[PDB]
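**Q** Mind having a look at this structure? Questions to follow.
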Amino acid sequence: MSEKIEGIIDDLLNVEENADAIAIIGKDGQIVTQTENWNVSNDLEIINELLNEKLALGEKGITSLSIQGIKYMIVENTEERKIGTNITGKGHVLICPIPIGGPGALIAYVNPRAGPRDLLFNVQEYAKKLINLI
Amino acid sequence: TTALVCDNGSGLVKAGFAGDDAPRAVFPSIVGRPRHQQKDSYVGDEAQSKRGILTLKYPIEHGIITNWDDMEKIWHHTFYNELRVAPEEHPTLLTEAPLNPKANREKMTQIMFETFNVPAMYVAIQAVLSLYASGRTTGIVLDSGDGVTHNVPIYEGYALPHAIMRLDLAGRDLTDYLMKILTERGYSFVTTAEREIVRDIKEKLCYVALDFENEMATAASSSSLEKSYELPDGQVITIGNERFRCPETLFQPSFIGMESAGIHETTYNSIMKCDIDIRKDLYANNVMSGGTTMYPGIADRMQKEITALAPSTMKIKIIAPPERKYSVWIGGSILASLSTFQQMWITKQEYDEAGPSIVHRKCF
Ligand SMILES: Nc1ncnc2c1ncn2[C@@H]1O[C@H](COP(=O)(O)OP(=O)(O)OP(=O)(O)O)[C@@H](O)[C@H]1O
Ligand SMILES: C/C1=C/C(=O)O[C@@H]2C[C@@H](CC[C@H](C)/C=C\CC1)O[C@@](O)([C@@H]1CSC(=O)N1)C2
Ligand SMILES: [Ca+2]
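If you read the protein sequences in the order shown, they are chains A and B. As numbered in the authors' numbering, residues 1 to 134 make up the first sequence, in order. As numbered in the authors' numbering, residues 5 to 41, 49 to 375 make up the second sequence, in order.
Here it is, written out as C-alpha cells:
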C-alpha cells in the first residue's frame with residue numbers, strides 16, 4: 001500500500017532469515033500487500049474467521065486452519081499473537097492482530113527449521129508499527 | 005558451569021544439581037517463625060523438627076506462590092543450607108504451574124536476579140518437564156501433587172494453553188478426607204500432627220480399586236481387604252474400604268462435596284479441546300507424574316476409564332514411571348544439563364536490558 005509498509009516487510013525479512021513469506025491484512029479484512037511467493041486470497045475467510053473469533057465460556061475455538069494448502073494446528077492464541085504449526089514439518093504461521101485484538105494482521109509464514117515462537121518478539125513489534133499505517 | 009534445578013511444590017521442595025539422576029534434597033515447603041520473640052525463621056526439615064515452638068506457613072498454595080517473603084526464605088535456605096552454593100555462581104532453573112499468572116513469573120525472575128544475583132535463570136512448566144523425563148515431547152500429563160492436579164496436553168515440548176485443566180483436589184485433600192472417614196470407624200485424627208500420621212496411612216495402605224462397586228462388595232463381605240496399622244503411641248488400628256474410598260475421590264470429587272468431573276473425564280475433556288490430528292498421539296502418551304499418582308492400581312484404573320470414553324479402537328497407553336514422585340525435578344535436570352539448552356537461559360545481561368518481563372519472551 002505505502003513505502004513505509006514495504007519498508008516494514010523488507011526490514012522484517014532482513015532481520016528474521018527464517019521468515020519465508022509475509023502477508024498484511026487490513027482493517028477491512030482485505031489484503032493490503034503480500035510477498036510474491038504466496039497468495040492467501042482463497043484462504044482469507046478462515047483467516048478472518050480466526051481474527052474475529054471471540055469465545056464465550058463453553059465454546060470450542062478453531063483448532064486448525066489451512067493457508068495455501070498447508071494445514072496449521074493452533075498452539076497459541078491471544079489477542080496479541082496466534083501461532084499455527086504444521087504437524088508434518090511444512091512450517092509455521094504467526095498471525096499478529098493489528099491493533100491488538102483487531103481485524104488487521106501481520107502474518108509471517110515461518111520455515112520449519114525454526115521454532116515458531118523465536119520469531120515472535122520481532123513479528124509482534126512490527127505489528128505494533130503497522131497500527132498507524134493501515 | 006553446573007546448573008541448579010529447584011522444583012517448588014505446594015508441599016515439597018525438590019532441589020539439586022543439573023545432570024544428577026535425583027534431587028540432592030527433598031524437604032517440606034514450609035517456613036516456621038517462633039511463637040515468642049535462636050533464629051528469626053526456619054525452613055524445611057528443621058521447621059518440622061521444632062514445629063511445637065513455631066508457627067508454620069505454606070508459601071505455595073495449589074502450586075502458586077502466595078507468600079513471597081516466605082518463598083524468599085525457602086529459596087535462600089535452598090541455596091545456602093541444602094545445596095551449599097553461592098547463587099551468583101550458578102544458572103538456576105525453576106519450575107511453575109500451568110497458567111501461572113504473568114506477574115508471578117516476573118516476580119520470580121526479579122527476585123532471582125536482584126536478590127540472589129544469579130548469573131542466569133529459566134522457568135519451565137512442571138508437567139512439561141515430567142513429559143521430558145519420560146523421553147517424549149508430545150503427550151498429555153496428569154500431574155497431581157499435594158495442592159493441585161492438572162491435565163496438561165503438550166505438543167513438541169510446549170503446553171497447549173487453551174486445553175489445560177486445573178483441579179483444586181490433590182494429596183492434602185485426600186489426607187483430610189481420609190481423616191474424615193476414619194471417624195466413622197471410631198478413631199480420631201484432627202490436629203496438624205494427627206493429619207501427618209493419616210498422610211502416612213494414606214501413603215502405605217491406600218490404593219485405587221479397579222472397579223469401585225466390586226471392591227465395596229468384597230470389603231463388606233469379608234476382611235481379606237482389611238489391613239492393620241500402628242500409631243506412634245502404640246494403638247493398632249484396622250482399616251478396610253477407607254483404603255480405596257480415599258483415592259476414589261480423584262475419580263469421584265463429589266466424595267468431598269466438589270463439583271468437578273474426575274481426573275479420567277478431565278483427561279478426556281482436555282484431549283477433546285485439542286485438534287483431532289494429535290489425538291492418537293495424546294491417547295498413546297498419557298504420562299502420570301506427582302506423588303498423588305503413586306497409588307497402586309491407578310494406571311490400570313485410568314487405562315480402563317479412558318478406554319470406555321475414547322473411540323472404541325483408540326490406542327491408549329498410561330505411562331507411570333517408578334520415579335514419578337520426582338519426574339518434574341528429573342526433567343529439569345536433563346533439560347538444564349543438555350549442551351543444546353545453553354542458549355536458552357535468561358542471562359543477567361538480558362535481564363538488565365529488558366527487566367522482569369524478559370521471562371515472557373524466553374520462557375513459555
Ligand atoms: N505412595 C504414595 N501414595 C499416595 N500418595 C503419596 C505417595 N507418596 C506421596 N504421596 C502424596 O503426594 C503428595 C506430594 O507429591 P508432590 O511432592 O508431587 O506434590 P507437590 O509438588 O508438593 O505439590 P503440587 O504439585 O500440588 O504443588 C503428598 O500429598 C503425599 O501424601
Ligand atoms: C514426609 C513429608 C511428606 C510430605 O509430603 O510433606 C508435605 C509438606 C507437609 C508440611 C508439614 C509437615 C508437618 C512436615 C513434614 C512432613 C514431610 O505437609 C504435608 O504433609 C501435607 C499435610 S498432610 C498432607 O497430605 N499434606 C505434605
Ligand atoms: Ca509439583
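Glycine included, every Cβ here is placed at the ideal spot set by N, Cα and C.
Could one say the Cβ of B/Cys374 lies closer than 8 Å to chain A's Cβ atoms, at least one of them?
**A** So no, B/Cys374 is outside the interface.
**Q** For the beta strand (DSSP E) containing B/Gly343, list its first residue and its last residue.
**A** B/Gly343 -> not in any beta strand (DSSP E); alpha helix (DSSP H) instead, spanning 338 to 348.
**Q** At 3 residues or longer, what runs of the beta strand (DSSP E) sit wholly inside the stretch 136 to 169 of chain B?
**A** You should have 150 to 155, 160 to 166.
**Q** Just verifying my parser: in three-state terms, what is the DSSP assignment at B/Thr229?
**A** Helix.
**Q** So is A/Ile131 buried or exposed if we call it buried at 16+ other beta carbons inside 10 Å?
**A** It counts as exposed.
**Q** Can you grab the Cα-Cα spacing for the pair A/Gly58 / B/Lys284, in whole Å?
**A** Rounded to the nearest angstrom, the two C-alpha atoms are 11 Å apart.
**Q** Cβ of B/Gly343 within 8 Å of Cβ of B/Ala135?
**A** Against a cut-off of 8 Å, the Cβ pair of B/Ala135 and B/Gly343 comes out as a contact.
**Q** Given a limit of 7 Å on CB to CB distance, which residues of the stretch 62 to 75 of chain A reach chain B?
**A** Cβ contacts with chain B come from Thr63, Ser64, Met73, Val75.
**Q** Please name the residue or residues paired with B/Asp11 in a DSSP beta bridge.
**A** Paired residue(s): B/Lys18.
**Q** Does the stretch 322 to 331 of chain B come close enough to the stretch 279 to 294 of chain B that 3 or more CB-CB pairs lie under 8 Å?
**A** Contact holds: three or more Cβ-Cβ distances are below 8 Å.
**Q** Given a limit of 8 Å on CB to CB distance, which residues of the stretch 305 to 334 of chain B reach chain A?
**A** Correct list: empty, as no residue qualifies.
**Q** Give the straight-line distance between the Cα atoms of B/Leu104 and A/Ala19, rounded to the nearest whole angstrom.
**A** Taking the straight line joining both Cα atoms gives about 30 Å.
**Q** Checking 8 Å against the spacing of the C-beta atoms, do B/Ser239 and B/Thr229 come in under that value?
**A** Going by C-beta atoms, B/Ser239 is not nearer than 8 Å to B/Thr229.
**Q** Which bits of chain B does A/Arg117 rub up against, with CB to CB less than 7 Å?
**A** Neighbours of A/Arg117 on chain B, chain order: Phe375.
**Q** Residue 461 of chain B: buried (16+ other C-beta within 10 angstroms of its C-beta) or exposed?
**A** Residue 461 of chain B is absent from the structure shown; chain B starts at 5 and stops at 375.
**Q** In the structure shown, what three-state DSSP assignment does A/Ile46 receive?
**A** In this structure, A/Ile46 counts as helix in the three-state DSSP scheme.
**Q** Report whether the distance from the Cβ of B/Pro102 to the nearest heavy atom of ligand 2 is below 7 Å.
**A** Every heavy atom of ligand 2 is 7 Å or more from the Cβ of B/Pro102, so no.
**Q** Which of the three DSSP states is assigned to A/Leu51 in this structure?
**A** Three-state result, A/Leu51: helix.
**Q** Where does B/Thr186 fall in DSSP's three states?
**A** It is helical.
**Q** Run through chain A and tell me which residues come within less than 9 Å of B/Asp286, C-beta to C-beta.
**A** Residues of chain A passing the Cβ test: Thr63, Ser64, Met73, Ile74, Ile87.
**Q** In this structure, does DSSP put B/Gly36 in helix, strand or coil?
**A** Note: B/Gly36 maps to strand in three-state DSSP.
**Q** For B/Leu171, return the contacting residues in chain A, with the cut-off set at a CB-CB distance below 7 Å.
**A** In chain order: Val75.
**Q** What does A/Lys82 touch in chain B if you count any residue whose Cβ is under 9 Å from its own?
**A** Chain B residues near A/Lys82: none, gap ~11 Å exceeds 9 Å.
**Q** Report the residues of the stretch 261 to 289 of chain B with a CB closer than 9 Å to any CB of chain A, ordered along the chain.
**A** Answer set for the stretch 261 to 289 of chain B: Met283, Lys284, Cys285, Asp286, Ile287, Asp288, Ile289.
**Q** Determine, using beta carbons only, whether A/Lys90 comes closer than 8 Å to chain B.
**A** Output row for A/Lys90: interface = no.
**Q** Go ahead and pull the three-state DSSP assignment for B/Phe223.
**A** Three-state result, B/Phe223: helix.
**Q** Answer yes or no: do B/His275 and B/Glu224 have a C-beta to C-beta separation smaller than 8 Å?
**A** No.
**Q** Could I get the ranges of all uninterrupted alpha helix (DSSP H) runs contained in the stretch 256 to 308 of chain B, with 4 residues as the minimum, in chain order?
**A** Runs found: 274 to 284, 290 to 294.
**Q** How long is the line joining the alpha carbons of B/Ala204 and B/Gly158, rounded to whole angstroms?
**A** For B/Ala204 and B/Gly158, the distance between alpha carbons rounds to 18 Å.
**Q** If distances are taken between C-alpha atoms only, which option among B/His73, B/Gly74, B/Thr89, B/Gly20 comes closest to B/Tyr53?
**A** Selected option, being the one with the closest Cα: B/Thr89.
**Q** Any heavy atom of ligand 1 closer than 7 Å to the CB of A/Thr78?
**A** Result no, Cβ not under 7 Å from ligand 1.
**Q** Can you name the start and end residues of the beta strand (DSSP E) that A/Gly29 belongs to?
**A** That residue, A/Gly29, is in no beta strand (DSSP E); it is neither H nor E in DSSP.
**Q** Would you check whether ligand 2 has a heavy atom nearer than 7 Å to the C-beta of B/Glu207?
**A** Yes, since a heavy atom of ligand 2 falls inside the 7 Å radius drawn around the Cβ of B/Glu207.
**Q** So, A/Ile107 versus A/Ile25, is the Cβ gap smaller than 8 Å?
**A** For A/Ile107 and A/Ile25, yes; Cβs fall inside 8 Å.
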